[PDB]
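Structure 1 and structure 2 below are the same protein chain in two forms, each given by itself as structure tokens.
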Structure 1
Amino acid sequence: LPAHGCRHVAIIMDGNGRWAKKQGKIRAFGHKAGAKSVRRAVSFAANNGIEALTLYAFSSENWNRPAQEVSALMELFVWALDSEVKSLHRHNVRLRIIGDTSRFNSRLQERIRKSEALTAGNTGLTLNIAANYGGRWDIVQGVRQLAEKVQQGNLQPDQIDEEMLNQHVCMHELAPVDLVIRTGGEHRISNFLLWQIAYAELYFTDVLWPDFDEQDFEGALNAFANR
């Protein structure tokens, strides 16, 4: 019920590399600065009445990039889980990872499993980290779930409707996505959420993610409130 009236924001956090290069700095510095930015956005959202914040962390397509780039991201994901989870919990933040977790090594899966569990009963902001995630993959998984009900004999094809598949895509349990923000200048979804953004406001800014701060977040919320 906050004034901007936005309940679920989703973010494509692009620009980190470009941010570091403008400065003559290597890829890694932009990742350092991007993580600060994630801490800043998460905190902003918990403080401004947002119900859910969904961040595009690692796409299923990203696996096809230089090892130094994959492992760095993985490295940072492992670092966040091992060291930022206690703070999410102390903020009554509920953490969910969305995407094909089966591909991660069983040890990364165990950290994911424990982090979600620790925080599953939290009632504040729901933080969804999309890791090894894709909008098409997401739809495909809800499809197989349905197929399955058709296989066990409980579902009839002709009964499958929009509402039913809407109940089996990731985050079906949260308020619908009201606002998609993409930093970094590019104007495309890039196989981020697709089913879920049917009615979302799409908001593109050239600000590089490491520079995207609380004032830019208000900006985007205000542009949304004026829709």
Structure 2
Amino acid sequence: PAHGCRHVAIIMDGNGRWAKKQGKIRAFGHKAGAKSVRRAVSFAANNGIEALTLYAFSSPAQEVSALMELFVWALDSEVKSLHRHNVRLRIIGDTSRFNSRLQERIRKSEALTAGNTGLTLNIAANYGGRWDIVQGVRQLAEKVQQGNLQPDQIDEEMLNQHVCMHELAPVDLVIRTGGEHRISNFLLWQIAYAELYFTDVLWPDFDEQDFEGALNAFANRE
């Protein structure tokens, strides 16, 4: 609370570059990255942060189906730990085209942790900022079609109620590791007023001290 930062969003990037520098393969960077993910989640939960939203940045249509398989399979194991640390898990992104199986796992993972009182962790999977806005627009569009919503009655607050994470504290700080200075279609609507923090540190090397630096930079900025 001292940092006054309630919601932190992170574009994780640099795992491949990190591995390359050491003459190592992708698997090595991914392994290092997952470790950094756990470290960041634990840090947030132990530092009074209300919400952490993670986005794995990566530079096909057959590959995605395979990635989400890995995603969900990895999730099933992580959920136990998350639940154990009192974390509330939520998956944001277009999960509509996921097969009903791995789509039920996600659903159960969320149901299982919904009642926790610790950190709320949002993991982006097949997520897009524009997509997020659009799916929210379709919802309002349905209500227009059903006759109980006039086009001209639509305002910002209304649309805000239909975008991902509307129930949570607004995003206060966005962190992007890896050196690139862009949002890359991650959160858009939700970062209208967020502090943007760019660091050249590669995701695998981003540790607790780096996270603290970002929070300190945030606190001193206003």
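What we label the rigid core is the largest C-alpha set whose atoms superpose within 1.5 Å from one form to the other. By convention here, residues take numbers in order along the sequence of structure 1, the first being 1.
**Q** Considering only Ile98, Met74, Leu155, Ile139, which residue exhibits a C-alpha shift of no less than 2 Å between structures 1 and 2, with the rigid core used for superposition?
**A** Residue with a C-alpha shift of 2 Å or more: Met74.
**Q** Superpose on the rigid core and then read off how far the CA of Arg107 has moved between structures 1 and 2, in Å.
**A** Superposing on the rigid core gives a C-alpha shift of 2.3 Å for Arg107.
**Q** With both forms fitted on the core, how large is the C-alpha shift of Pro210 between structures 1 and 2 in Å?
**A** Value for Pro210 between structures 1 and 2: 0.2 Å of C-alpha shift.
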